[PDB]
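J.: After the C-alpha cells below, expect a handful of questions from me.
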Amino acid sequence: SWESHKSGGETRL
Amino acid sequence: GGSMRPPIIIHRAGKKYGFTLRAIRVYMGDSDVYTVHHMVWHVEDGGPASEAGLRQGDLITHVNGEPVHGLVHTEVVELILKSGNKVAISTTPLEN
C-alpha cells in the first residue's frame, strides 16, 4: 500500500 | 464499510477547489496486483472543498459520477477540471 506518492508528483486541485 | 459515497460539490471560487488529490497505487504486496486510489492530502479550509464539506484525510471513491479507481495522478485532477467551475467529489465517510 502507498507507492505513487512520488509517481506523478504532488498535483492538487 | 459503507454504501453510497456522498459527493461533495466543490466550487472553484475563481481560483481552485482547495484540495490535494494524492495519488497512491496500493499494492497488495510483492505481486503485481494493486488498486489505483487517491486521497485528499490537504484541503484548504478557506473556501472551496473544505467549506463544501470535504474533510481532509478522506479517500475518494468517485468523481462527478466516475470511479477514480484506476485513474492516474493527473486523470482525477482532469476529471475535476473537466467538470467546470465545480465538481462532485465522492469521498468515503466514517465506518465501524
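Please note that chains go A, B, ... in the order of the C-alpha cells, that every chain numbers its residues from 1, and that ligands are numbered from 1 in the order shown.
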Quick one: which chain A residues come within 6 Å of chain B, and what is the nearest atom pair for each with the distance in Å to one decimal, counting only C-alpha atoms, rows ordered by chain and ascending number, as CSV?
T.:
```
residue,atom,partner,partner_atom,distance
A:1,CA,B:26,CA,3.8
A:2,CA,B:26,CA,5.0
A:3,CA,B:24,CA,5.4
A:4,CA,B:24,CA,4.3
A:5,CA,B:24,CA,5.7
A:8,CA,B:73,CA,5.6
A:12,CA,B:20,CA,4.0
A:13,CA,B:19,CA,5.2
```
J.: Write out as a PyMOL selection string the residues lying within 9 Å of residue 64 (chain B), counting only C-alpha atoms and excluding same-chain residues fewer than 3 positions away.
T.: chain B and resi 7+9+67+79-80+83+87-90
J.: Using N, CA, C and O atoms, can you write the selected residues to a file as a compact mmCIF listing (two decimals), in the first residue's frame?
T.:
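result.txt was written with the following content:
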```txt
# COMPACT_ATOMS: atom_id res chain seq x y z
N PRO B 7 -21.05 12.56 -2.70
CA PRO B 7 -20.21 13.52 -3.42
C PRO B 7 -20.33 14.93 -2.87
O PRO B 7 -21.43 15.47 -2.71
N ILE B 9 -19.90 18.63 -3.49
CA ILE B 9 -19.82 19.56 -4.60
C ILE B 9 -18.96 20.77 -4.26
O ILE B 9 -19.41 21.68 -3.56
N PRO B 67 -15.87 6.59 -11.30
CA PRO B 67 -14.90 5.92 -10.46
C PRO B 67 -13.49 6.39 -10.74
O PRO B 67 -13.03 6.41 -11.88
N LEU B 79 -10.42 15.12 -14.46
CA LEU B 79 -11.84 14.79 -14.30
C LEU B 79 -12.56 15.93 -13.59
O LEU B 79 -13.69 16.29 -13.94
N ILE B 80 -11.89 16.50 -12.60
CA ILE B 80 -12.43 17.60 -11.83
C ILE B 80 -12.46 18.89 -12.66
O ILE B 80 -13.49 19.55 -12.74
N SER B 83 -15.17 18.98 -15.24
CA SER B 83 -16.50 19.27 -14.72
C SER B 83 -16.86 20.74 -14.88
O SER B 83 -18.02 21.08 -15.17
N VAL B 87 -17.36 20.53 -8.96
CA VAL B 87 -17.27 19.07 -9.13
C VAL B 87 -17.78 18.29 -7.91
O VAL B 87 -17.66 18.74 -6.76
N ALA B 88 -18.38 17.14 -8.18
CA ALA B 88 -18.91 16.24 -7.15
C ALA B 88 -17.87 15.20 -6.74
O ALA B 88 -17.72 14.17 -7.39
N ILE B 89 -17.15 15.47 -5.67
CA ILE B 89 -16.13 14.54 -5.19
C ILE B 89 -16.72 13.53 -4.21
O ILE B 89 -17.16 13.89 -3.12
N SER B 90 -16.75 12.26 -4.59
CA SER B 90 -17.30 11.22 -3.74
C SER B 90 -16.24 10.67 -2.80
O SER B 90 -15.30 10.00 -3.23
```
J.: Tell me, which residues of region 26-91 of chain B carry DSSP strand (DSSP E), written as a PyMOL selection string?
T.: chain B and resi 26-27+34-43+59-63+86-91
J.: When DSSP is applied to the backbone of this structure, which of chain B are assigned alpha helix (DSSP H)? Write them out as a list in words.
T.: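 The residues of chain B classed as alpha helix (DSSP H) are residues 49, 50, 51, 52, 73, 74, 75, 76, 77, 78, 79, 80, 81, 82 and 83 of chain B.
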J.: Write the residues you've just listed into a file as a short mmCIF file (atom, residue, chain, number, x, y, z; two decimals), in the first residue's frame, and include C-alpha atoms for each of them.
T.:
```
data_model
loop_
_atom_site.label_atom_id
_atom_site.label_comp_id
_atom_site.auth_asym_id
_atom_site.auth_seq_id
_atom_site.Cartn_x
_atom_site.Cartn_y
_atom_site.Cartn_z
CA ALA B 49 -13.72 21.79 -0.90
CA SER B 50 -13.37 22.27 2.87
CA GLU B 51 -16.39 24.54 3.31
CA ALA B 52 -18.17 22.36 0.79
CA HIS B 73 -2.47 11.19 -10.70
CA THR B 74 -3.47 13.72 -13.34
CA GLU B 75 -6.60 11.88 -14.51
CA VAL B 76 -8.54 12.64 -11.32
CA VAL B 77 -7.44 16.25 -11.45
CA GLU B 78 -8.52 16.47 -15.09
CA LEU B 79 -11.84 14.79 -14.30
CA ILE B 80 -12.43 17.60 -11.83
CA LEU B 81 -11.23 20.42 -14.12
CA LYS B 82 -13.39 18.91 -16.85
CA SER B 83 -16.50 19.27 -14.72
#
```
J.: Could you work out how far CA of residue 61 (chain B) lies from CA of residue 8 (chain B), giving the answer in Å with one decimal?
T.: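 Taking CA of residue 8 (chain B) as the start and CA of residue 61 (chain B) as the end point, the length is 11.6 Å.
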J.: In terms of the shortest atom-to-atom distance over only C-alpha atoms, which of B:31, B:39, B:46, B:86 is closest to residue 58 (chain B)?
T.: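 Of all the options, B:39 lies closest to residue 58 (chain B).
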J.: Measure the distance from CA of residue 92 (chain B) to CA of residue 5 (chain B) in Å and round it to one decimal.
T.: 5.5 Å
J.: Using only C-alpha atoms, which of B:6, B:84, B:93, B:14 sits nearest residue 56 (chain B)?
T.: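 Going through B:6, B:84, B:93, B:14 one by one, the smallest distance to residue 56 (chain B) is for B:93.
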J.: In Å, how far is it from CA of residue 70 (chain B) to CA of residue 10 (chain A)?
T.: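 Here the two named atoms are 17.4 Å from each other.
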